[PDB]
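*Asks:* whatever this is, show me its structure:
(chains A, B and C, ligands or ions: 6)
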Amino acid sequence: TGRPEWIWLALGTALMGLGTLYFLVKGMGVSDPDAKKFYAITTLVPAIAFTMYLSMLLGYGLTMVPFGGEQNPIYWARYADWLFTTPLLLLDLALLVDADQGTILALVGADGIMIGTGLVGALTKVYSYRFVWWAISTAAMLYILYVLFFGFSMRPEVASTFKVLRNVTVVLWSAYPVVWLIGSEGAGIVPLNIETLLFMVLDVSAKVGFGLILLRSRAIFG
Amino acid sequence: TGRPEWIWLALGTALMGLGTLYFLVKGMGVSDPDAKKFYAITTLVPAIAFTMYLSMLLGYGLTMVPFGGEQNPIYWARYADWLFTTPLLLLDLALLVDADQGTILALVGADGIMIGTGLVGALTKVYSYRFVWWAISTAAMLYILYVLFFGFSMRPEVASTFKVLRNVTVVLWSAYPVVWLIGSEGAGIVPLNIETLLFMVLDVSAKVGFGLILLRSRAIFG
Amino acid sequence: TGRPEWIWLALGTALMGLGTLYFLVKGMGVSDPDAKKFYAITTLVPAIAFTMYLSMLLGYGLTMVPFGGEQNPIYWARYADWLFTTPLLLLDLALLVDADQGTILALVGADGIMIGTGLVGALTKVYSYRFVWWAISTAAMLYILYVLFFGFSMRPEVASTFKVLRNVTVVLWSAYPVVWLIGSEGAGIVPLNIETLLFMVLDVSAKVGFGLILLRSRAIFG
Ligand SMILES: CC(C)CCCCCCCCCCCC[C@@H](C)CCCCCCCC(C)C
Ligand SMILES: CC(C)CCCCCCCCCCCC[C@@H](C)CCCCCCCC(C)C
Ligand SMILES: CC(C)CCCCCCCCCCCC[C@@H](C)CCCCCCCC(C)C
Ligand SMILES: *C\C=C(C)/C=C/C=C(C)/C=C/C1=C(C)CCCC1(C)C
Ligand SMILES: *C\C=C(C)/C=C/C=C(C)/C=C/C1=C(C)CCCC1(C)C
Ligand SMILES: *C\C=C(C)/C=C/C=C(C)/C=C/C1=C(C)CCCC1(C)C
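*Replies:* Numbering: from 1, shown residues only, chains lettered A, B, ... in the order given. Ligands and ions are numbered 1, 2, ... in the order given. Let me share the structure:
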């Protein structure tokens, strides 16, 4: 359509759509309770991402925010996505290591603060304060990874699986704050169609790529 | 008042109001833990519905959406209702059969997608895409019922009670997509005051009627 | 800045900020699972309050609502705060007494109704109905305290700790409906900068003061 980034919003829609169906079909048969939990959490992520990617493609998940003497197109639907999918992804990691709820509660709530403050920053009409919310949001992210590393006798199937997904999680997640900072939301460096491509490549890897590495392992069974 | 559908918004308010009070009083005494769970979930549903029905009566839960060359009155407060009351209703059914959390997590999250995509459809300004969100929302509904039927050795008190409420649940819930499709939200076939009556009759049966059949049985005790 | 209440929004920001850091540092070391739960819930409260207090200071968590022939400044960010922090505070009390989930589910859901109806009232454009939502919201509050008192063999460390926090909870919480009624949201009696001071003093006591009395006791360990 009229927006150059349309193609990446369409490709993301498409890829999130087929990953859900792939994980749906694969969960066909599963009766192991715990396996039943990873399949639930992991199928719902691109399911949710699917709808939010489609709401961006179709124009609904977009809004104008004025600042720097311009009217900026901001896709708020990403934060409706992450708000639910990022604790679900952290949920996947925690269950995996059998995290006590005290740690789960800090992960989920720090996660909500990260996204919520991510969202406020995205919609704030005063240019410099946008970067204050980013920083707060980055401290929550930097908190989660900390617990991801020093916040946790596991079976060696869960460990390796865990180490794999923890590194894939730090590398992709830590790229989101960078992308936002240089993109349309912040400094206006990287064009909106390139950032939409970066977020698409990260989203698909963080959800479907993350999902294929997880459900492909016996780490999920009890 | 000025809106013809006012009378059904007032009758729903009223009926949701007295069902909460009826279930509140009835839970007076209950000390059985599990009974304590069905009473919690089941009292909260028309409690929440009460407030959302009243916000519609008083005008707050309503907004204009433009499309088809008209300004359409859309009651968004229904989705604030369902978003919380429909997982609670599915929660009632699951606990009842002692569903593993893997199934509960898929039910609740598929439910959120159904309502959330229901909501996006309701507020989308491009007429044909309204029907795309409906369809997605109907696939999630059709998913839940599937699990409602083929997604689950229970005591025979829970089974019969369960079968009763599962059929009452498929019959009423499956009517909501029909009503939306022919009503103000979609094709503009059935007038807004008639749809408001249909949703009122379904809501009251799905919550209070569903609640009286459930808490009236010993299926709820352990 | 230009708003006289700025100073109290800045002082609250500041105090919520240092209480989080204080509780964060203190949770450093903790490995007792249950202790890990009170520290999670209790650190997140002024953490969340911090962000919401800052969004009010910076102007984002504020909006104009017209009524009584005036344009009223309403800080909606308080309800984004409470919506998450008040069930967390009730969560702290319940875990403490080892509440069955039936009671927890009624507490959290009655709490959501209190805040949600608090919020609707705050944004309602018809002056008298504002007071209807308050009343409904006060019935939910009056419900929670009821369960706080007659809705529950505990260790005597939890009891005393519990009694302490239950009284501090009834006294501060019951003051919020009073403040709203006489402030900018309702009758327009107490000026906005004084109410912002009252809510600040209550918020800080209800969260950080409440937090220091709680985590300072061995009531939290198993
Ligand atoms: C295992 C199978 C069935 C996978 C296909 C399911 C559908 C969706 C795509 C899943 C594949 C992607 C791998 C995850 C990791 C990433 C680095 C992908 C980034 C996106 C770029 C697109 C290139 C590959 C694809 C078109 C599959
Ligand atoms: C069991 C007692 C105490 C019930 C009364 C509580 C208050 C509210 C109404 C509950 C009754 C409704 C039965 C549920 C099923 C439905 C098919 C009702 C659809 C609505 C139509 C109204 C007709 C009946 C009523 C006015 C009670
Ligand atoms: C125990 C220590 C480390 C406390 C300091 C942490 C930082 C924030 C403030 C915490 C102290 C407040 C006590 C809680 C109860 C209240 C009645 C406070 C109401 C607010 C008024 C401000 C006066 C005191 C303070 C500046 C500490
Ligand atoms: C779709 C899932 C991922 C896993 C998306 C994760 C995104 C982030 C981790 C976001 C962090 C951001 C920060 C830290 C800085 C402000 C802006 C963001 C919200 C993009
Ligand atoms: C009040 C409780 C019920 C139990 C309301 C349930 C409503 C539905 C199940 C909604 C489904 C819809 C679909 C499937 C299609 C789009 C529009 C709806 C959201 C009404
Ligand atoms: C920050 C935490 C506290 C503990 C804030 C609690 C606030 C209340 C308990 C609110 C109740 C209100 C009622 C009962 C009346 C309508 C307006 C309020 C939402 C302020």
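
*Asks:* gap between the residue of chain A found nearest ligand 1 and ligand 3?
*Replies:* Using C-beta to the nearest ligand atom, the closest approach of chain A to ligand 1 is made by residue A:209 at 2.7 Å. C-beta here means a position set from N, CA and C on the backbone, and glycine is covered the same way. Separation of residue A:209 from ligand 3 (C-beta to the nearest ligand atom, to the nearest Å) stands at 43 Å.

*Asks:* from residue A:159, how far off is that residue?
*Replies:* Look at residue A:209 and residue A:159: by C-beta to C-beta, to the nearest Å, they are 20 Å apart.

*Asks:* that older thread, what residues does the nearest residue in space to the residue of chain A closest to ligand 1 that is not next to it in sequence make contact with?
*Replies:* Computed as C-beta to C-beta, 6 or more residues apart in numbering or on different chains, the closest residue to residue A:209 that is not its neighbour in sequence is residue A:168, at 7.4 Å. Residue A:168 makes contact with A:205-206, A:209-210, A:213, according to C-beta atoms under 8 Å, 6 or more residues apart in numbering or on different chains.

*Asks:* now for the residues you listed: which two are most distant?
*Replies:* Farthest pair in the contacts of residue A:168 (C-beta to C-beta) is A:206 and A:213. Separation: 11.0 Å.

*Asks:* can you give me the strands for chain A?
*Replies:* All strands of chain A, identified by DSSP state E, fall at A:63-67, A:70-74.

*Asks:* wait, which of these is closest to residue B:32?
*Replies:* Nearest of these to residue B:32, taken as C-beta to C-beta: strand A:63-67 at 49.4 Å.

*Asks:* near chain C at all, that closest one?
*Replies:* No. Strand A:63-67 stays clear of chain C (C-beta under 8 Å from any C-beta of the partner chain), getting no nearer than 11.6 Å.

*Asks:* what segments of chain A are helices?
*Replies:* Under the criterion DSSP state H, helices of chain A are mapped to A:6-27, A:33-57, A:77-97, A:101-123, A:127-150, A:156-173, A:175-182, A:192-204, A:210-215.

*Asks:* give the buried residues for the second one.
*Replies:* The neighbour-count check on helix A:33-57 (16 or more other C-beta atoms under 10 Å in any protein chain shown) flags A:34-57 as buried.

*Asks:* before we move on, what about the last one?
*Replies:* Neighbour-count burial for helix A:210-215, with 16+ other C-beta under 10 Å as criterion, is recorded at A:210-212, A:214-215.

*Asks:* what does that helix contact?
*Replies:* A:19, A:23, A:26, A:38-39, A:42, A:45-46, A:89, A:92, A:161, A:164-165, A:168-169, A:172, A:220.

*Asks:* let's see it at 10 Å
*Replies:* Outside helix A:210-215, the residues that touch it by C-beta atoms under 10 Å, 6 or more residues apart in numbering or on different chains are A:19-20, A:22-23, A:26-27, A:30, A:35, A:38-39, A:41-43, A:45-46, A:89, A:92-93, A:96, A:161-162, A:164-165, A:168-169, A:172, A:204-205, A:219-220.

*Asks:* show the buried residues in these.
*Replies:* Burial of the contacts of helix A:210-215 was assessed by neighbour count (16+ other C-beta under 10 Å); the buried members are A:19-20, A:22-23, A:26-27, A:30, A:35, A:38-39, A:41-43, A:45-46, A:89, A:92-93, A:96, A:161-162, A:165, A:168-169, A:172, A:204-205, A:219-220.

*Asks:* of the residues you listed, list those near ligand 4.
*Replies:* Intersecting these with the surroundings of ligand 4, defined as C-beta under 6 Å from any ligand atom, gives residue A:89.

*Asks:* just give the nearest non-adjacent residue to the residue of chain A found nearest chain B, would you?
*Replies:* Nearest residue of chain A to chain B: residue A:36, at 2.7 Å (C-beta to the nearest C-beta). Closest residue to residue A:36 apart from its sequence neighbours, by C-beta to C-beta, 6+ apart: residue B:102 at 2.7 Å.

*Asks:* ok, now residue A:106?
*Replies:* Counting by C-beta to C-beta, 6+ apart, residue A:106 lies nearest to residue C:40, which is 4.5 Å off, once chain neighbours are set aside.

*Asks:* kindly report the residues of chain A close to chain B.
*Replies:* Within chain A, the positions adjacent to chain B are A:24, A:27, A:30-41, A:43-45, A:47-48, A:50-52, A:54-55, A:57-61, A:77, A:80, A:84, A:88, A:91, A:95 by C-beta under 10 Å from any C-beta of the partner chain.

*Asks:* can you pull the contacts of the residue of chain A positioned farthest from its centre?
*Replies:* Of all residues in chain A, the one whose C-alpha sits farthest from the chain's mean C-alpha position, using C-alpha atoms, centre = their mean, is residue A:69 at 30.5 Å. With contact set as C-beta under 10 Å, 6+ apart, residue A:69 has these partners: residue A:127.

*Asks:* repeat that for residue A:83.
*Replies:* A:48, A:52, A:111-112, A:114-116, A:118-119.

*Asks:* now with 7 Å?
*Replies:* Each residue near residue A:83 by C-beta atoms under 7 Å, 6 or more residues apart in numbering or on different chains is listed here: A:112, A:115.

*Asks:* could you check how far it is from residue A:76?
*Replies:* With distances defined as C-beta to C-beta, the gap from residue A:83 to residue A:76 amounts to 11 Å.

*Asks:* any idea how many residues pack against the closest residue to ligand 4 within chain A?
*Replies:* Distance from ligand 4 to each residue of chain A (C-beta to the nearest ligand atom) is smallest for residue A:118, at 2.5 Å. The number of residues packed around residue A:118, counting by other C-beta atoms under 10 Å in any protein chain shown, is 25.

*Asks:* before we move on, what about the one 4 residues further on?
*Replies:* The tally of other residues near residue A:122 (other C-beta under 10 Å) stands at 23.

*Asks:* contacting residues for it?
*Replies:* The neighbours of residue A:122, taking C-beta under 7 Å, 6+ apart as the test, are A:74, A:76, A:79, A:185.

*Asks:* which strand residues bridge the first one?
*Replies:* Put plainly, it is residue A:74. Beta-bridge pairing of residue A:74 under DSSP bridges involves residue A:63.

*Asks:* quick check, the residue in chain A closest to ligand 5?
*Replies:* residue A:51 (12.7 Å).

*Asks:* please verify my assumption that that residue contacts residue B:115.
*Replies:* No. Shown here, residue A:51 and residue B:115 do not form a contact pair, counting by C-beta atoms under 7 Å, at 11.4 Å.
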